[PDB]
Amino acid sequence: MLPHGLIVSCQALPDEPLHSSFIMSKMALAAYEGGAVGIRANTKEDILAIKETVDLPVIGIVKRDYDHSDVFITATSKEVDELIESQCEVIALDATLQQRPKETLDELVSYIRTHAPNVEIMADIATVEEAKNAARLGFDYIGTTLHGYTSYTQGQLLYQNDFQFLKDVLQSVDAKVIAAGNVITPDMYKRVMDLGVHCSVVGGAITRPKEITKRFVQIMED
């Protein structure tokens, strides 16, 4: 099971500067040496590289776009099969009620429990309605990952109104909640942990130097 604490997301999609299974493995090493309790990573190849540098538990996804669907985080059983091959400890997937390319969400959850019975699952949700559905489905972890990153949550960011969205998720489910998406400072990490999340995912504020650089430059441009 994931410990309480900091999960570092070590992702770099094609055309991002640090795109490389190799490079993400050394980023995960840095996160381990700095006190992370877990890693979140994208694609079987990055997961397998990370598993050669660190023994931290990994939350795996596969970001892959499909025609005629906006679902791109572990959309179908093809992505699930890649993640079962990766041997990541937690399989995360979009758990929105958006139209998927192939299996429905219920079917994908059933598929994972059948084919990978020793692997925990994490729901990436955008609304309280989705979070409560994920708890019904027996997800091990419910994350706020897609809040602000769907067409129906545009402009909403996790930290808005003193993390009201997170407070609403925590009140709505008894499952382990993960604060993920727009946790960008140590002060925000402390806030979400104080509100009672199991653990938090921090990505860009540690592993996207372009994103961090933009925050430094922007302070001079306000």
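For every residue, the number given is its place in the sequence shown, counted from 1.
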With respect to the recorded C-alpha B factors, which stretch has the higher mean value, 138-146 or 116-124?
116-124
Going by the entry, of stretches 104-112 and 88-96 the one with greater average Cα B-factor is 104-112
Identify, among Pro186, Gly155, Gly35, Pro57, the residue whose C-alpha carries the highest B-factor in the deposited PDB entry.
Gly155
Considering only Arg40, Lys26, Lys190, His68, which residue's Cα atom bears the greatest B-factor as recorded?
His68
If you rank the chain by CA B-factor, which third does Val169 end up in: lowest, middle or highest?
middle
Would you mind checking where the Cα B-factor of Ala30 ranks among the modelled residues of its chain, as the lowest, middle or highest third?
lowest
Check where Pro209 lands among this chain's C-alpha B-factors and tell me if it's the lowest, middle or highest third.
lowest
Split the chain's modelled residues into thirds by Cα B-factor; is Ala179 in the lowest, middle or highest one?
lowest
Chain thirds of CA B-factor: placement of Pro14:
middle
